[PDB]
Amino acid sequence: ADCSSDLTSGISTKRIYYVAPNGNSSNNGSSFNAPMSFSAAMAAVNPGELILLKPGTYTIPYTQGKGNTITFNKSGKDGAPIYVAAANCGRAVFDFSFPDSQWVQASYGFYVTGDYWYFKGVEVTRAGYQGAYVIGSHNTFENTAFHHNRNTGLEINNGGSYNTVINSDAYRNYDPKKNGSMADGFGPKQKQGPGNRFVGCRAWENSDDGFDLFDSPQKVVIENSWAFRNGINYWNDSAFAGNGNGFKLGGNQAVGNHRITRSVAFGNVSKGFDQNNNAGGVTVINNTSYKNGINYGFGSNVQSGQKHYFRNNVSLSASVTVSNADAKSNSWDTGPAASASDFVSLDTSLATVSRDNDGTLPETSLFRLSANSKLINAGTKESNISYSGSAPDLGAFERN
């Protein structure tokens, strides 16, 4: 929807701190006519209150060989988060100013160590390392973006738990450190805690992977999300080493029983949906994968007692290998066959059309089912999968 008429962008708060790029100490933040600085607002803000950002660019100065990270160590409370949002559903871009060739170890853009933060309509770009690095818990990132950073767009690690990433984008992240073999779009990986979730997100044109859940035994849930064109060299790097997977759903033989539904992967150099040596069974229901190096790659061993669960998935214009799995009602087994005519559009340029100003993904014809497709009502009635008609349609999109 269009929330441009709402000053606080959908947020209910008891106190507003008005902030602008030119905000300073001669102001109290009582309105946009007397805006305070971001740092001043950060010092004053308490649980349940809101740092309201005037739409624009907030530039953090760069100094060669030095980090310029903003640390979010204060905490909100349950039912009283600390809100940080661009006004009138606009955009607030935090530019950390790092030159393309430069990077600093641990120089994140946003370092979130505290709990119960709620970000909306904010972007992080040109950070010296990860755009956002989250070790705190119960944080929310809604209608945010992390792009052109020197490492992974947004990463959750070192105990970070119960974090929710809603309608957010991560793109064009590349690490000069390892020639692109590290920077992902979203990285809920390694030592992250439980309960981390991604819904309505898009990750594209990152040097390494779209989403990466490497070496974590903690279950991650990914819903209604996109991962495309990862692993492509847009940086003129003669030694490029990006892997190029869409959803990298595991790693290092960690047992991670992840769940991914109604999601889309296309145009990735390697695998659209990737087991990546996860030793645990992954749940993959109602997804669509198109023209990747490999559409679904689950051809590695799992630990005894583990088994993947695949239902209602679509593969088109690339191969599928799904072993060690309970699989049926997919386009490559007992479900109906998928071909180009089953889709209204395969124009991939539609994938990055603008979201609504409230964050809602654009409604386009890309990968939507044609009216005469046999994929309609052809799926199994899996628990917690929404549908119209008699049964779920095969793939990520219900024909409505």
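So that there is no doubt, residue numbering starts at 1 and follows the sequence shown.
- Higher mean CA temperature factor, per the PDB entry, when comparing 221-229 with 70-78: 70-78.
- As the entry records it, the average C-alpha temperature factor is higher for 24-32, out of 24-32 and 48-56.
- Within the selection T321, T261, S101, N163, the deposited Cα B-factor values reach their highest point at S101.
- Based on the entry's C-alpha B-factors, the most elevated value among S345, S354, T360, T334 belongs to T334.
- Annotation for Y234: C-alpha temperature factor in the highest third relative to the rest of the modelled chain, per the entry.
- In this PDB entry, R91 carries a Cα temperature factor that places it within the middle third of its chain's modelled residues.
- Ranked by Cα temperature factor within the chain, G281 sits in the middle third according to the deposited record.
- Per the PDB record, residue ranking by Cα B-factor puts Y171 in the lowest third of the chain.
- Per the deposited record, the Cα B-factor of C3 falls in the middle third when ranked against the other modelled residues of its chain.
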